[PDB]
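Presented below is the structure to which this report refers.
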Amino acid sequence: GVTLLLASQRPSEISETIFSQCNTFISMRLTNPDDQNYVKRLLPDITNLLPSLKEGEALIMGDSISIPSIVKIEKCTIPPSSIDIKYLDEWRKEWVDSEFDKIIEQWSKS
Amino acid sequence: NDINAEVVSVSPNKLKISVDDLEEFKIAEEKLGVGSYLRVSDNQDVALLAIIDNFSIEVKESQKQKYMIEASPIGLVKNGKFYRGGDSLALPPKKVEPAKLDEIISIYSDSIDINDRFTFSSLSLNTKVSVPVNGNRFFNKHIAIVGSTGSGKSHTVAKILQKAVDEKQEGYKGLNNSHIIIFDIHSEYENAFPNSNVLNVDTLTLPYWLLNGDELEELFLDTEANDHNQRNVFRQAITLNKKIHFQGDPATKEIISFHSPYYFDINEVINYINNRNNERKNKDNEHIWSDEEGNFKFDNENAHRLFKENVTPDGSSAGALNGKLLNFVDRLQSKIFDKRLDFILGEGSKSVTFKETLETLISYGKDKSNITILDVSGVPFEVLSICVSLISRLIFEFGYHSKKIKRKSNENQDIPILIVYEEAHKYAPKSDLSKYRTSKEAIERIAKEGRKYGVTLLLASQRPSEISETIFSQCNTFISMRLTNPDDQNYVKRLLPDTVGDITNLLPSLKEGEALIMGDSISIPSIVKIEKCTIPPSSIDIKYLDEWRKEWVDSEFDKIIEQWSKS
Amino acid sequence: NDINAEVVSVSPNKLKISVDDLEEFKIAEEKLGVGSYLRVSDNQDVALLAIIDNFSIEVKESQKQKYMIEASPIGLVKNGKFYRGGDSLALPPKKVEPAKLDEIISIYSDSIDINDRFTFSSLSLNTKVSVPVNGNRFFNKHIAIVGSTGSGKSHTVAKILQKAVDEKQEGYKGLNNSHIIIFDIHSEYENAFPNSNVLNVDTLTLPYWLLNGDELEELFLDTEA
Amino acid sequence: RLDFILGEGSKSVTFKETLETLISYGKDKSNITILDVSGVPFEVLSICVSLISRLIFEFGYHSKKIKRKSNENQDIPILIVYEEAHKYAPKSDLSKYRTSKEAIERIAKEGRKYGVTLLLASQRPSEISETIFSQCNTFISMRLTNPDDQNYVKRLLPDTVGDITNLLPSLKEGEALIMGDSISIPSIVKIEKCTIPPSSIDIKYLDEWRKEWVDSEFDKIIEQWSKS
Ligand SMILES: Nc1ncnc2c1ncn2[C@@H]1O[C@H](COP(=O)(O)OP(=O)(O)O)[C@@H](O)[C@H]1O
Ligand SMILES: Nc1ncnc2c1ncn2[C@@H]1O[C@H](COP(=O)(O)OP(=O)(O)O)[C@@H](O)[C@H]1O
Ligand SMILES: [Mg+2]
Ligand SMILES: [Mg+2]
């Protein structure tokens with residue numbers, strides 16, 4: 001009763017012994033052909049749409065699904081706290097006078 | 001008319017187009033090249049647009065000229081609005097014209113908002129259209145600028161950073177918020193950025209006590225030896241030496257450990273280890289010494305007395321670490337005594353402060369600048385991996401700790417920091433050798449985790465094929481100036497998402513200064529011309545011909561020898 | 001006419017040239033080699049300069065000789081000034097002749113300024129074409145001369161250094177400011193530079209105390225035990 | 001054999017005339033200093049190469065200290081020529097050549113800004129370490145004949161030529177292939193013929209073997225060996 005969810009990024013660097021034991025496979029957009037070829041090999045030609053996948057789309061394969069298909073994962077109404085930093089919009093403002101006292105206190109703490 | 005071309009066959013992502021007449025020859029010269037744009041429709045309101053991948057102009061004896069154009073549909077234009085996507089299908093035949101200036105403008109001006117556009121280049125085939133990128137997505141996802149020597153890589157790097165500095169929100173005057181750090185080995189960005197803070201070996205003081213646990217044992221210990229008694233005596237010396245120099249609250253003093261960023265003096269650390277090469281236990285198994293104040297037993301309270309050299313061992317048997325640390329000590333003072341490491345292990349590191357190192361690294365001191373150029377020309381190459389890893393980790397954990405302050409206040413990470421890695425293959429090679437391991441890991445955490453902490457990369461390397469795959473793939477934005485090595489082109493082709501026909505033969509044949517921008521920052525991967533640097537980079541290289549061409553100098557040689565003796 | 005060649009196919013970086021008539025055979029041997037330069041134009045003013053990459057000559061009993069030349073457009077010339085270009089289009093058919101001497105010279109001479117030009121070699125397929133290098137940039141960046149034994153790399157090293165020694169600013173008489181140190185191991189560069197300082201074992205005095213700790217260990221210790 | 005490094009002369013020589021010897025700034029000036037290291041024993045050859053290569057580098061390192069203090073236009077550029085660079089700077093990390101490896105690799109990495117540049121002339125390029133060979137920018141590739149050296153050079157060349165794989169073993173005598181910053185395009189060149197060629201005094205084994213059995217020379221070898 002102890003299974004695992006392997007939320008990795010690129011399949012080409014994960015240990016073979018764990019990633020071969022996984023059977024249900026969800027592949028999002030994968031821009032590295034080395035990553036694509038590992039996902040292609042697991043299938044017994046839908047992998048050619050892996051790099052052109054839109055944001056949020058996925059390819060689910062395994063015995064859990066009937067056919068390996070490109071799916072759109074449901075949007076998170078309560079999303080995880082993963083906020084992208086707007087580099088341009090932050091850089092447009094004034095030079096913000098940030099005091100270094102409070103930051104290096106906790107850096108020294110841990 | 002001037003051009004009579006139509007689509008003869010379509011594919012899922014390929015249009016084959018036959019040019020039938022070609023009355024006007026300058027249509028073929030600039031509007032029918034590889035990477036140009038074609039309008040594919042039967043009307044003048046709804047159309048597809050297509051990049052040109054390949055062409056072939058066959059001519060023979062009696063039959064007609066066979067001009068065939070291979071194109072890929074990049075998107076859809078409806079009533080002056082461009083919509084990306086190859087899903088829309090053109091049923092052949094469809095009349096093909098070169099795209100007008102307004103359609104090519106609408107390609108790049110529709111996918112990006114009016115406030116998210118970052119323009120630093122124009123299209124190479126059409127100068128009148130500028131090519132903006134999504135500057136949030138340009139800089140949040142890491143940038144890789146590759147190319148051969150003389151292709152204009154540093155000019156492209158400089159021109160991006162000037163446009164990052166000169167761009168401002170309206171209603172204010174003065175320095176903007178952008179923070180860019182450059183690792184300058186060839187010393188080129190002084191001439192590009194005159195109004196910026198530059199730090200060379202003679203000026204920059206990097207404290208050695210800010211090195212973490214991994215960096216300290218790489219610089220001092222032997223990874224190949226892997227001696228745990230040498231490892232344990234190093235940590236217990238530095239941890240104790242950080243305690244005796246702390247002047248603060250006792251509760252913070254207990255949490256001080258070997259990785260904690262606190263000041264310790266390396267000369268006393270050598271003295272502690274050198275003394276512990278000469279321990280002599282008594283019959284009760286306790287080490288006994290004698291300084292000027294009297295005999296004492298080596299325990300936790302009196303271990304600070306070994307930091308001074310004037311201690312004499314007093315015992316019968318050999319101590320616990322007697323003779324096990326002599327190769328440790330001789331290499332330990334070999335790096336301290338070296339004059340090349342005065343900026344890192346010298347007397348100047350005693351008088352600097354953890355604040356003063358951060359205030360100097362991102363130019364937050366008395367003189368403030370957006371661009372901090374780290375002239376690591378004079379830095380010796382064996383500590384180049386150490387120094388780059390120290391600064392990169394000092395910016396990443398500043399970027400981490402900046403966010404965790406703002407998560408308490410429920411705010412975003414205020415200042416985003418960019419680090420430019422000129423000649424990035426030296427810090428982060430494909431080779432798994434231990435001499436560049438610490439710089440590989442430091443760029444790894446910025447590449448894979450720094451996106452969420454405000455710390456990013458600009459991997460500007462002449463040889464991308466000597467950068468590791470696990471950091472090159474994290475650079476979503478890719479700029480290709482001119483790549484001529486076959487292994488270099490086969491490397492980038494293996495790390496690039498799609499973009500068939502825009503790299504296969506285009507990269508060797510590119511002009512100086514024009515590049516290939518791609519990623520989620522741009523709407524489509526296009527060959528653009530990076531705009532000229534009015535204030536260009538200029539490395540002050542030794543012009544060997546003119547110095548050899550002149551008279552044999554005689555006054556200089558005497559000054560070189562005596563200055564060597566003086567220092 | 002001497003040679004009647006013509007472009008029959010155009011690719012983004014590839015050119016197919018059909019040689020229809022070859023009255024002068026000597027153009028084929030010298031000017032239509034593997035690495036030779038062809039100019040591709042319908043006029044003498046503006047031309048597309050292309051290097052050859054491959055060729056094939058077919059003869060059959062009834063048909064005419066099929067001399068095909070496969071070329072690549074390395075650049076472009078305008079009134080004698082060469083521009084290195086990418087995908088500059090030449091619409092077929094275009095008359096092809098061997099490139100003039102002034103055109104091939106302008107590929108190598110125009111990229112380097114006349115003060116920074118350093119010549120130690122000429123083009124293999126055209127001995128009249130001097131090939132200069134940016135001697136400003138030739139020396140400060142490191143040079144790697146590689147070949148097999150008996151390929152002539154000792155001669156190439158010697159010729160470069162002789163060209164770097166006899167050259168001067170012309171405003172003085174005497175020795176220039178070249179400083180070249182050769183780790184001559186085969187005892188061969190004595191002849192190439194007769195007016196040089198040669199240091200063998202009997203003349204060199206290398207102090208042992210200028211050795212560092214790493215060098216001093218190998219001079220005295222044994223490392224096997 | 002170690003008299004040049006461990007004799008009575010090495011003690012009395014001071015630091016200044018050592019650099020007057022290696023750079024030829026002594027009594028007789030010379031643009032080219034030829035270091036005949038053939039009679040140097042092979043056990044100490046990497047030691048003497050690394051000693052000189054270090055000494056030239058810190059001469060250029062301390063060259064720049066005056067030029068930032070005095071801001072004078074004059075400068076002393078130095079080029080170092082390493083004939084058979086694959087044995088001074090091998091790919092192997094063995095202890096015997098890491099002194100000469102570290103001296104050359106310091107020049108290959110830091111010597112650009114100090115006026116101490118290097119020329120690598122090796123008949124077996126594949127043994128030279130990639131961290132030194134890639135620091136070079138201009139490559140004069142002569143006739144390369146071993147397939148291992150052909151594959152090594154083709155990777156680290158900054159550019160390529162059409163059909164380079166058959167070009168390298170088919171180069172004629174004096175034919176070269178220059179790529180890099182100095183040249184505009186990779187071109188097949190003919191190096192100028194040396195009027196005063198580099199000639200090594202070689203023993204013509206077959207020529208002396210066909211002569212008569214010499215008799216007088218054997219005794220003069222033994223008596224000098226006996227007396228010295
Ligand atoms: N946008 C441009 N337009 C025209 N010339 C350029 C441009 N960018 C660079 N160059 C030229 O290319 C040359 C090479 O500079 P650079 O690309 O910085 O070298 P590297 O690729 O080694 O960094 C420079 O001398 C510069 O004049
Ligand atoms: N540029 C050249 N032109 C004509 N002959 C040459 C040229 N370079 C070398 N040679 C001849 O080829 C021979 C090869 O010698 P060299 O190339 O100097 O030896 P190595 O390559 O083994 O150092 C020499 O005897 C020389 O006469
Ligand atoms: Mg550069
Ligand atoms: Mg030789």
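Naming works like this for the structure tokens: A, B, ... for the chains as they're shown, residue 1 at the start of each chain, ligands 1 onward in shown order.
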Inset, instruction - Give as a ChimeraX atom specification the residues surrounding ligand 2 up to a distance of 9 Å, considering only C-alpha atoms and all ligand atoms. - result: /C:121,146-159,188 /D:83,121-123,142-143,172-176,190-194,197-199
Could you take the residues named above and write them with C-alpha atoms, as a CSV table (one decimal), in the first residue's frame?
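The resulting file, result.csv, is shown below:
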chain,number,residue,atom,x,y,z
C,121,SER,CA,51.4,31.7,-47.1
C,146,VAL,CA,49.0,20.3,-36.2
C,147,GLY,CA,50.2,17.8,-38.8
C,148,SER,CA,51.9,14.5,-39.1
C,149,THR,CA,55.7,13.8,-39.1
C,150,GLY,CA,57.0,14.8,-42.4
C,151,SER,CA,54.1,17.2,-43.2
C,152,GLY,CA,56.3,20.3,-42.7
C,153,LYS,CA,55.1,21.8,-39.4
C,154,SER,CA,58.7,22.6,-38.4
C,155,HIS,CA,59.0,24.6,-41.6
C,156,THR,CA,55.7,26.3,-41.0
C,157,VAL,CA,56.8,27.3,-37.5
C,158,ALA,CA,60.1,28.5,-38.8
C,159,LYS,CA,58.5,30.5,-41.7
C,188,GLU,CA,66.5,21.7,-35.7
D,83,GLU,CA,57.4,21.6,-30.4
D,121,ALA,CA,53.3,22.2,-32.6
D,122,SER,CA,52.5,18.5,-32.1
D,123,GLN,CA,52.6,15.6,-34.5
D,142,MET,CA,48.7,20.5,-41.8
D,143,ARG,CA,48.5,16.9,-43.2
D,172,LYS,CA,50.4,17.9,-50.0
D,173,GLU,CA,53.8,19.0,-48.6
D,174,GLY,CA,53.5,22.5,-47.1
D,175,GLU,CA,49.7,22.4,-47.5
D,176,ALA,CA,47.9,23.8,-44.5
D,190,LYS,CA,50.7,26.8,-49.3
D,191,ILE,CA,53.1,28.0,-46.6
D,192,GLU,CA,56.1,29.9,-48.0
D,193,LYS,CA,59.2,27.8,-48.7
D,194,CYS,CA,61.9,28.5,-46.1
D,197,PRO,CA,65.2,25.9,-43.6
D,198,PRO,CA,65.2,24.3,-40.1
D,199,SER,CA,67.5,21.3,-40.4
Inset, instruction - Would you list the contacts of residue 3 of chain A as an MDAnalysis selection string, taking every protein, DNA or RNA residue within 12 Å and counting only C-alpha atoms, but skipping same-chain residues closer than 6 positions in sequence? - result: chainID A and resid 18 21:24
Requested write-out: N, CA and C atoms of the selected residues, as a PDB file, in the first residue's frame:
ATOM      1  N   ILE A  18      13.623   3.039 -10.896  1.00  0.00           N
ATOM      2  CA  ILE A  18      12.353   3.569 -10.408  1.00  0.00           C
ATOM      3  C   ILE A  18      11.430   3.927 -11.564  1.00  0.00           C
ATOM      4  N   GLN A  21       9.784   0.996 -13.182  1.00  0.00           N
ATOM      5  CA  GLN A  21       8.725   0.410 -12.370  1.00  0.00           C
ATOM      6  C   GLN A  21       7.411   1.166 -12.494  1.00  0.00           C
ATOM      7  N   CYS A  22       7.457   2.451 -12.833  1.00  0.00           N
ATOM      8  CA  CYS A  22       6.235   3.208 -13.053  1.00  0.00           C
ATOM      9  C   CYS A  22       5.549   2.731 -14.327  1.00  0.00           C
ATOM     10  N   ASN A  23       4.232   2.594 -14.264  1.00  0.00           N
ATOM     11  CA  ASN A  23       3.451   2.134 -15.404  1.00  0.00           C
ATOM     12  C   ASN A  23       2.536   3.208 -15.965  1.00  0.00           C
ATOM     13  N   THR A  24       1.875   3.978 -15.109  1.00  0.00           N
ATOM     14  CA  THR A  24       1.069   5.108 -15.547  1.00  0.00           C
ATOM     15  C   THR A  24       1.979   6.305 -15.774  1.00  0.00           C
TER      16      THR A  24
END
Legend entry - Contacts of ligand 3, 8 Å or closer, only C-alpha atoms and all ligand atoms, given as an MDAnalysis selection string: chainID B and resid 149:150 152:155 186 188 422:423 462
Inset, instruction - Give me every strand (DSSP E) residue in segment 4-225 of chain D, going by DSSP on the backbone, as a ChimeraX atom specification. - result: /D:32-35,78-83,116-122,138-141,175-179,187-191
Take the residues from that selection and write them out as an mmCIF file, in the first residue's frame, keeping N, CA and C atoms.
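What landed in result29.cif:
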data_model
loop_
_atom_site.group_PDB
_atom_site.id
_atom_site.type_symbol
_atom_site.label_atom_id
_atom_site.label_comp_id
_atom_site.auth_asym_id
_atom_site.auth_seq_id
_atom_site.Cartn_x
_atom_site.Cartn_y
_atom_site.Cartn_z
ATOM 1 N N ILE D 32 64.607 35.745 -31.044
ATOM 2 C CA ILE D 32 64.243 34.341 -30.925
ATOM 3 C C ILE D 32 65.238 33.666 -29.995
ATOM 4 N N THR D 33 64.727 33.052 -28.933
ATOM 5 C CA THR D 33 65.529 32.261 -28.008
ATOM 6 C C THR D 33 65.170 30.797 -28.221
ATOM 7 N N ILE D 34 66.122 30.025 -28.731
ATOM 8 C CA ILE D 34 65.938 28.600 -28.967
ATOM 9 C C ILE D 34 66.486 27.848 -27.765
ATOM 10 N N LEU D 35 65.617 27.101 -27.090
ATOM 11 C CA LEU D 35 65.998 26.305 -25.929
ATOM 12 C C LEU D 35 66.218 24.875 -26.400
ATOM 13 N N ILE D 78 55.383 38.214 -25.618
ATOM 14 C CA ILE D 78 56.193 37.004 -25.725
ATOM 15 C C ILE D 78 55.343 35.875 -26.297
ATOM 16 N N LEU D 79 55.883 35.176 -27.295
ATOM 17 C CA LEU D 79 55.313 33.942 -27.824
ATOM 18 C C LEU D 79 56.207 32.770 -27.440
ATOM 19 N N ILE D 80 55.596 31.681 -26.980
ATOM 20 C CA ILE D 80 56.313 30.464 -26.619
ATOM 21 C C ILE D 80 55.919 29.367 -27.597
ATOM 22 N N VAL D 81 56.911 28.706 -28.182
ATOM 23 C CA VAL D 81 56.678 27.657 -29.169
ATOM 24 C C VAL D 81 56.970 26.315 -28.515
ATOM 25 N N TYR D 82 55.948 25.467 -28.431
ATOM 26 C CA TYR D 82 56.066 24.133 -27.844
ATOM 27 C C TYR D 82 56.068 23.106 -28.970
ATOM 28 N N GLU D 83 57.259 22.758 -29.443
ATOM 29 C CA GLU D 83 57.392 21.627 -30.351
ATOM 30 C C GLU D 83 57.172 20.337 -29.574
ATOM 31 N N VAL D 116 51.875 36.766 -22.721
ATOM 32 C CA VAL D 116 52.581 35.495 -22.823
ATOM 33 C C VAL D 116 51.640 34.536 -23.537
ATOM 34 N N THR D 117 51.811 34.404 -24.843
ATOM 35 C CA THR D 117 51.003 33.521 -25.667
ATOM 36 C C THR D 117 51.833 32.317 -26.089
ATOM 37 N N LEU D 118 51.156 31.301 -26.616
ATOM 38 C CA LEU D 118 51.804 30.026 -26.876
ATOM 39 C C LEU D 118 51.461 29.506 -28.265
ATOM 40 N N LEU D 119 52.417 28.786 -28.850
ATOM 41 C CA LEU D 119 52.246 28.091 -30.121
ATOM 42 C C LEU D 119 52.438 26.603 -29.867
ATOM 43 N N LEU D 120 51.449 25.802 -30.252
ATOM 44 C CA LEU D 120 51.494 24.358 -30.063
ATOM 45 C C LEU D 120 51.807 23.692 -31.395
ATOM 46 N N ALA D 121 52.908 22.948 -31.442
ATOM 47 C CA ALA D 121 53.333 22.226 -32.638
ATOM 48 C C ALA D 121 53.530 20.763 -32.256
ATOM 49 N N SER D 122 52.514 19.940 -32.503
ATOM 50 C CA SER D 122 52.542 18.536 -32.121
ATOM 51 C C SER D 122 52.172 17.662 -33.307
ATOM 52 N N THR D 138 43.565 30.267 -33.450
ATOM 53 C CA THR D 138 44.027 30.030 -34.809
ATOM 54 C C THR D 138 44.646 28.641 -34.884
ATOM 55 N N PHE D 139 44.171 27.831 -35.826
ATOM 56 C CA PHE D 139 44.628 26.458 -35.987
ATOM 57 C C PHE D 139 45.185 26.292 -37.389
ATOM 58 N N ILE D 140 46.463 25.948 -37.485
ATOM 59 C CA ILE D 140 47.107 25.675 -38.768
ATOM 60 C C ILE D 140 47.195 24.157 -38.874
ATOM 61 N N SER D 141 46.194 23.565 -39.516
ATOM 62 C CA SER D 141 46.082 22.116 -39.615
ATOM 63 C C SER D 141 46.788 21.654 -40.882
ATOM 64 N N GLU D 175 51.115 22.096 -47.533
ATOM 65 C CA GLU D 175 49.703 22.445 -47.534
ATOM 66 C C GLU D 175 49.183 22.515 -46.107
ATOM 67 N N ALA D 176 48.387 23.540 -45.826
ATOM 68 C CA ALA D 176 47.865 23.755 -44.489
ATOM 69 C C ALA D 176 46.404 24.163 -44.593
ATOM 70 N N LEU D 177 45.781 24.345 -43.433
ATOM 71 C CA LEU D 177 44.369 24.711 -43.346
ATOM 72 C C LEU D 177 44.218 25.608 -42.122
ATOM 73 N N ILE D 178 44.119 26.911 -42.360
ATOM 74 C CA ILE D 178 44.080 27.897 -41.291
ATOM 75 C C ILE D 178 42.635 28.306 -41.058
ATOM 76 N N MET D 179 42.181 28.138 -39.821
ATOM 77 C CA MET D 179 40.906 28.648 -39.349
ATOM 78 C C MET D 179 41.138 29.446 -38.078
ATOM 79 N N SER D 187 40.792 28.443 -45.472
ATOM 80 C CA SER D 187 41.339 28.325 -46.812
ATOM 81 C C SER D 187 42.507 27.350 -46.821
ATOM 82 N N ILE D 188 42.653 26.643 -47.936
ATOM 83 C CA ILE D 188 43.781 25.740 -48.133
ATOM 84 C C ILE D 188 44.951 26.567 -48.644
ATOM 85 N N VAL D 189 46.032 26.614 -47.872
ATOM 86 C CA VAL D 189 47.142 27.502 -48.177
ATOM 87 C C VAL D 189 48.403 26.689 -48.440
ATOM 88 N N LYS D 190 49.337 27.325 -49.139
ATOM 89 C CA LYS D 190 50.698 26.836 -49.312
ATOM 90 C C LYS D 190 51.615 27.749 -48.513
ATOM 91 N N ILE D 191 52.209 27.211 -47.447
ATOM 92 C CA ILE D 191 53.141 27.983 -46.638
ATOM 93 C C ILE D 191 54.383 28.291 -47.463
#
Inset, instruction - Show which residues sit within 12 Å of segment 119-124 of chain B, as a ChimeraX atom specification. Count only C-alpha atoms, and ignore same-chain residues fewer than 6 positions away. - result: /A:88 /B:30-31,33-37,101,104-105,107-109,112,130-135,138,155-164,166-167,479,510-517,521-522,524-533 /C:86-87
At most 8 Å is the cut-off: for each residue in chain B with any atom that close to an atom of chain D, write down the nearest atom pair and the distance in Å rounded to one decimal, counting only C-alpha atoms, chain first then increasing number, as a tab-separated table.
residue	atom	partner	partner_atom	distance
B:148	CA	D:158	CA	7.1
B:149	CA	D:181	CA	6.8
B:150	CA	D:181	CA	6.9
B:377	CA	D:110	CA	7.3
B:378	CA	D:110	CA	7.4
B:380	CA	D:110	CA	7.3
B:381	CA	D:109	CA	7.1
B:484	CA	D:159	CA	4.7
B:485	CA	D:159	CA	4.7
B:486	CA	D:160	CA	7.0
B:487	CA	D:155	CA	6.0
B:541	CA	D:113	CA	6.6
B:542	CA	D:115	CA	6.6
B:544	CA	D:77	CA	6.5
B:547	CA	D:75	CA	6.8
B:548	CA	D:77	CA	7.4
B:553	CA	D:74	CA	7.6
B:556	CA	D:75	CA	7.7
B:557	CA	D:25	CA	7.6
B:559	CA	D:66	CA	7.7
B:560	CA	D:63	CA	5.8
B:561	CA	D:16	CA	6.6
B:563	CA	D:62	CA	7.2
B:564	CA	D:62	CA	6.1
Inset, instruction - May I have the residues of chain B within 6 Å of chain C, counting only C-alpha atoms, written as number ranges by chain? - result: B: 29, 56-59, 509-510, 543-545, 548-552
Can I get the selected residues back with C-alpha atoms, as a PDB file, in the first residue's frame?
ATOM      1  CA  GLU B  29      15.711  38.375 -53.897  1.00  0.00           C
ATOM      2  CA  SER B  56      14.681  24.936 -55.277  1.00  0.00           C
ATOM      3  CA  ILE B  57      14.797  26.750 -58.615  1.00  0.00           C
ATOM      4  CA  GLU B  58      15.185  24.128 -61.346  1.00  0.00           C
ATOM      5  CA  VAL B  59      15.824  25.326 -64.898  1.00  0.00           C
ATOM      6  CA  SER B 509      25.805  31.357 -43.305  1.00  0.00           C
ATOM      7  CA  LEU B 510      24.604  34.099 -40.937  1.00  0.00           C
ATOM      8  CA  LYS B 543      47.970  44.015 -30.450  1.00  0.00           C
ATOM      9  CA  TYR B 544      50.941  41.733 -31.071  1.00  0.00           C
ATOM     10  CA  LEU B 545      51.798  42.993 -34.568  1.00  0.00           C
ATOM     11  CA  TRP B 548      56.460  43.656 -32.394  1.00  0.00           C
ATOM     12  CA  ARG B 549      56.726  46.052 -35.350  1.00  0.00           C
ATOM     13  CA  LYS B 550      58.324  48.853 -33.324  1.00  0.00           C
ATOM     14  CA  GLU B 551      61.785  49.230 -31.780  1.00  0.00           C
ATOM     15  CA  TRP B 552      63.241  46.613 -29.433  1.00  0.00           C
TER      16      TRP B 552
END
Legend entry - Distance query segment 78-86 of chain A at most 12 Å, only C-alpha atoms, self and fewer than 5 positions along chain excluded, as a ChimeraX atom specification: /A:91-93 /B:115-116,134-141,178,399,403,407,410-417,449-456
Legend entry - d(atom CA of residue 145 of chain C, atom CA of residue 103 of chain D) in Å: 19.3 Å
Inset, instruction - Using only C-alpha atoms, find the one residue out of B:228, B:437, B:235, B:173 that sits nearest to chain A. - result: B:173
Legend entry - Using only C-alpha atoms: which of C:3, C:204, C:210, C:47 has the shortest distance to residue 4 of chain D: C:204
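Between ligand 4 and the candidates C:6, C:113, C:184, C:214, the tightest atom-to-atom separation, counting only C-alpha atoms and all ligand atoms, involves C:184.
Relative to atom CA of residue 46 of chain D, atom CA of residue 565 of chain B is found at 26.0 Å.
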Inset, instruction - Extract, using only C-alpha atoms, all DNA, RNA and protein residues at most 7 Å from residue 38 of chain B, discarding same-chain residues fewer than 5 positions from it, and format them as a PyMOL selection string. - result: chain B and resi 49-51+96-99
Output of the above residues as a short mmCIF file (atom, residue, chain, number, x, y, z; two decimals), in the first residue's frame, restricted to C-alpha atoms:
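So part-v4.cif came out as:
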data_model
loop_
_atom_site.label_atom_id
_atom_site.label_comp_id
_atom_site.auth_asym_id
_atom_site.auth_seq_id
_atom_site.Cartn_x
_atom_site.Cartn_y
_atom_site.Cartn_z
CA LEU B 49 1.16 33.09 -42.95
CA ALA B 50 4.15 30.87 -43.63
CA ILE B 51 7.89 30.88 -43.02
CA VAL B 96 0.58 32.91 -52.49
CA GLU B 97 1.95 36.45 -52.15
CA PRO B 98 4.79 37.84 -50.04
CA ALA B 99 3.42 39.21 -46.79
#
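Closest approach to residue 7 of chain A from the set A:47, A:27, A:110, A:66 is made by A:27, with distances taken over only C-alpha atoms.
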Legend entry - Distance in Å - atom CA of residue 461 of chain B versus atom CA of residue 146 of chain B: 5.4 Å
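In this comparison, which uses only C-alpha atoms, the residue of D:166, D:200, D:129, D:18 approaching chain C most closely is D:200.
Among C:78, C:189, C:19, C:32, the residue with the shortest atom-to-atom distance to ligand 4, counting only C-alpha atoms and all ligand atoms, is C:189.
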Inset, instruction - Mind checking which residues fall within 9 Å of residue 102 of chain D, counting only C-alpha atoms, ignoring those fewer than 6 positions away in the same chain, and posting them as a ChimeraX atom specification? - result: /D:50,54,89
Inset, instruction - Select from chain A everything DSSP, run on the backbone, classes as helix (DSSP H, G or I), then give the selection as a ChimeraX atom specification. - result: /A:11-13,16-19,33-42,46-49,87-91,101-109
